[PDB]
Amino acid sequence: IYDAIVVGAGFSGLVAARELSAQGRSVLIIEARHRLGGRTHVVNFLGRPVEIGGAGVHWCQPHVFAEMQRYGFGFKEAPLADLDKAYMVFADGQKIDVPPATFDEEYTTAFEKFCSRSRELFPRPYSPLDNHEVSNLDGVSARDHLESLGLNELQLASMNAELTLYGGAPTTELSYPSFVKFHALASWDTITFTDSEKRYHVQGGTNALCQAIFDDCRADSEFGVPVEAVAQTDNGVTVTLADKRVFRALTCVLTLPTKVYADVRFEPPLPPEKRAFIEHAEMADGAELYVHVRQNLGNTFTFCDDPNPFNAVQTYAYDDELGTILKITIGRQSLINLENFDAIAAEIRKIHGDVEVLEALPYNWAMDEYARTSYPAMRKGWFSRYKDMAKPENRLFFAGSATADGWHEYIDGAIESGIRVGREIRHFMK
């Protein structure tokens, strides 16, 4: 009979368990997978460890920065000054070669226009509903706003590619204010936000940081079998796995990805406001992909606008013997069959021309049954309902990026939610 069962060993569940353990409470962690990290994941590609889920971080993200400080992780610098070529692929398929300086000027000036109201709308962005106007703007799509700004062709296409990636969806579906909030969190500053999304990653890898947090937990651990049901009463909670084993505790922290709750039986059932959020709020259809090209392409970056499938194509490595390793982020995996190698290769040739594609490693996060969304992009009309999902239901408590006040599409939000849920249980037990 545990003080707390924590369901899920991604960043939010690990931080929750670390906080409760540090409070002297007894903790059981239950994880479906045989690994830590959740939607962060390190795998081998061509014998090199690569991040294939989330990994970009910045010190303007205070919760992940605090953990990096605690465990001694630094910021690894992406090779931006070394960038040789930048390309924009428009929605109609036309590709243009843009000097990086021009690309940065047009992109950042478009971003500033898109986010110009961030200080008005989000004076206290870690309390993002403080200005009630954001609840009424929730139903405006990112595309509705984008088209109101008088942007030029490159500004429009690059911003729409960015917003397609963040939404994991056509930009007609993304909540406009939910994205502007990230600008506000970055000190209402376009350079800081656009830096945050490209300049740094976790030195040593997200898996090592998860391991360090896990190693600080004094908890029992059960990996490899998913939770199938959760039942609570006035005196406790009982959690049943799909192999029919049963565990019991006074409280339960759920960190499941929002759409996965539909695969778990809750007794009593979750309230209507949570079931509505579970059905409608999330949508991100993302996947990640690494490709090996025989040719040495140098250090290139490509943005492709919707409905091109490869919204961002970054260069992980290049040299005259290796060729090139490309890191590709796909906002809408529905647009390409990632089991079809030659279809992947054809899209690489559309961008990079006369090249030979040798190997591909996709990770389809949307089709992963324990993820189902790549990151908690908020559908228009739903960003302002996130407290319906974050609030406790008696002995059940809820964490995960989607429940965060701040950086809700990020590792930082997952960590925030772990600190917060540890606080809620601290007081529930007082």
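Quick note: we count residues from 1 along the sequence shown, nothing fancier.
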Mean CA temperature factor from the deposited coordinates, higher in 115-123 or in 239-247?
239-247
Residue stretch of maximal mean CA temperature factor, 7-15 vs 407-415
7-15
Per the deposited B-factor column, the C-alpha that peaks among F310, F193, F277, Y316 belongs to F277
Select one of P170, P79, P271, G353: the residue whose C-alpha shows the highest B-factor in the crystal structure entry.
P271
Relative to the other modelled residues of the same chain, rank the CA B-factor of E222 and answer lowest, middle or highest third.
highest
The third of the chain into which the C-alpha temperature factor of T300 falls is the lowest
Chain-wide C-alpha B factor ranking for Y200, given as lowest, middle or highest third:
lowest
In terms of its chain's C-alpha B-factors, the third that includes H145 is the middle
With respect to C-alpha B-factor, does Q333 fall in the lowest, middle or highest third of the chain as deposited?
lowest
